[PDB]
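> Test case, fold it:
(2 chains)
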Amino acid sequence: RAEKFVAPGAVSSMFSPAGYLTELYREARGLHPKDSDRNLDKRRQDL
Amino acid sequence: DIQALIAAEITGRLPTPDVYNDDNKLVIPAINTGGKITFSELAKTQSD
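Residues are numbered from 1 along each chain as shown, chains lettered A, B, ... in the order given. The relevant structure is shown in the block below.
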């Protein structure tokens, strides 16, 4: 409906590396339980 | 090249170095839908 289009290479895009990283972190952060030491959120508290 | 100027004026730090210096006021832009620029201003009371 011509609301907002962004440039290629913008961080707001749905094909940006930020969108890929959001997809990847969302599919990744539940593989190991939160008790485990191999969980992604526990071994990397910066993500 | 003028959109980069207006964008760096709202979210960046332009005009360098000091802004807000016209009678304790400020006018900042706000673009929308690629075809309009609307405005909104700032003010303050007299502390110091």
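> Can you tell me which residues in chain A are near chain B?
Within chain A, the positions adjacent to chain B are A:2-4 by Cβ under 8 Å from any Cβ of the partner chain. Any C-beta I mention is one placed from the backbone N, CA and C, and that applies to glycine too.
> Need phi/psi at residue 6.
Here I'm looking at chain A. phi -120, psi 170 (degrees, to the nearest 10).
> wrong one, chain B
phi -70, psi -40.
> residues of the one helix or strand residue A:19 maps to that come out buried?
Here residue A:19, judged by DSSP states H and E, is contained in helix A:17-28. For helix A:17-28, the buried set under the neighbour-count rule, 16 or more other Cβ atoms under 10 Å in any protein chain shown, is empty.
> Neighbour-wise, which one of the residues of chain A next to chain B leads?
residue A:4 (9 neighbours; other Cβ atoms under 10 Å in any protein chain shown).
> which SS state does that one fall under?
Judged by DSSP: H, G, I helix; E, B strand; the rest coil, the three-state class of residue A:4 is coil.
> The one 3 residues further on too?
Assigned by three-state DSSP, the conformation of residue A:7 is coil.
> Please name the nearest non-neighbouring residue to it.
Among residues not flanking residue A:7 along the chain, residue A:13 sits closest, at 7.7 Å (Cβ to Cβ, 6 or more residues apart in numbering or on different chains).
> which residues touch that neighbour?
Neighbouring residues of residue A:13 by Cβ atoms under 8 Å, 6 or more residues apart in numbering or on different chains: A:6-7, A:19.
> What is the nearest of these to residue B:30?
Of all the contacts of residue A:13, residue B:30 sits closest to residue A:6, with 17.0 Å by Cβ to Cβ.
> residues near that closest one, how many?
12.
> Which of the helices or strands spans the residue nearest in space to the middle of chain B?
Geometric centre of chain B, nearest residue: residue B:28, 2.5 Å, by Cα atoms, centre = their mean. Take DSSP H and E as the rule and residue B:28 turns out to sit in strand B:26-32.
> List the strands paired with the next helix or strand after that strand, with their directions.
Next helix or strand after strand B:26-32 toward the C-terminus (DSSP H and E): strand B:36-42. Strand pairing for strand B:36-42, determined by DSSP bridges: strand B:26-32 (antiparallel).
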